[PDB]
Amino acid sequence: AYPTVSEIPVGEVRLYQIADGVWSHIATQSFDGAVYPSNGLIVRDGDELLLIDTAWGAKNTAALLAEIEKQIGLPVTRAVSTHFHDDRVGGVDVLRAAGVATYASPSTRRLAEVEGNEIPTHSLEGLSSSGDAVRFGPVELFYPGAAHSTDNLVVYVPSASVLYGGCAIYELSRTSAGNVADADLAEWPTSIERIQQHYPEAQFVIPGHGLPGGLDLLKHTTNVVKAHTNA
């Protein structure tokens, strides 16, 4: 069973195998007096790991490199951050100290820089317009347009039919919207449209927080987003 916020102390990381060669990683952090779970992804590429997103924090990110070593024993060589918030780029520095090459669209690198977060080293050319898609290691990086943020990328894994939303995709259990400071809620439902078109074979969808399910999360996410905006 997938882990939830109550089962994981701040500073510890769990790994959940979605598929052969494919894992989420789940951490917890204390943010605005509250305690939140958080997802990211790990994809096997040869004798090598691609890491999608930090574990939200330097401490949590060292911990995730350690659980990866213990449970998988392959080296993390690159990381992609799927937008500029601290739950996606915080720990980037631990990853770079460790030899990981860190990536992000240049939207992200800039926004990260303004907010004063940690900045991935390398730019992902090729995504600066909706529906754009590019291959990066064994996944496709797809840019759906503004949603959660102006820069959110989602990640698809064709080998396994695994779609990863980042925070642009809400878990099914979610009733209400999250951080909307940097969102554009009018397009968000159409960006989820583009996703739906590109990736209709997706057998697994992994929200940026909470439990994975199928492509129902997509409509469910748009449901949630519309409620918020009609209130």
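The numbering used is simple: start at 1 and walk along the sequence shown.
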Legend entry - Entry-level comparison of average CA B-factors, 173 to 181 and 38 to 46, reporting the higher stretch: 173 to 181
Legend entry - Of 10 to 18 and 210 to 218, the stretch whose C-alpha atoms average the higher B-factor in the entry: 210 to 218
Legend entry - Identity of residue with top Cα B-factor, from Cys167, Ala66, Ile26, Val162: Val162
Legend entry - Deposited CA B-factor, highest of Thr77, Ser123, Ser107, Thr82: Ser107
Legend entry - Position of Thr190 among the chain's modelled residues by C-alpha B-factor, lowest, middle or highest third: highest
Legend entry - Where the record places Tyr103 (Cα B-factor, split into thirds across the chain): lowest
Legend entry - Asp87 CA temperature factor, ranked by third within the chain: lowest
Inset, instruction - Pull the Cα B-factor of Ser129 out of the PDB entry and bin it into the chain's lowest, middle or highest third. - result: highest
Inset, instruction - Going by the recorded CA B-factors, say which third of the chain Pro144 sits in, lowest, middle or highest. - result: highest
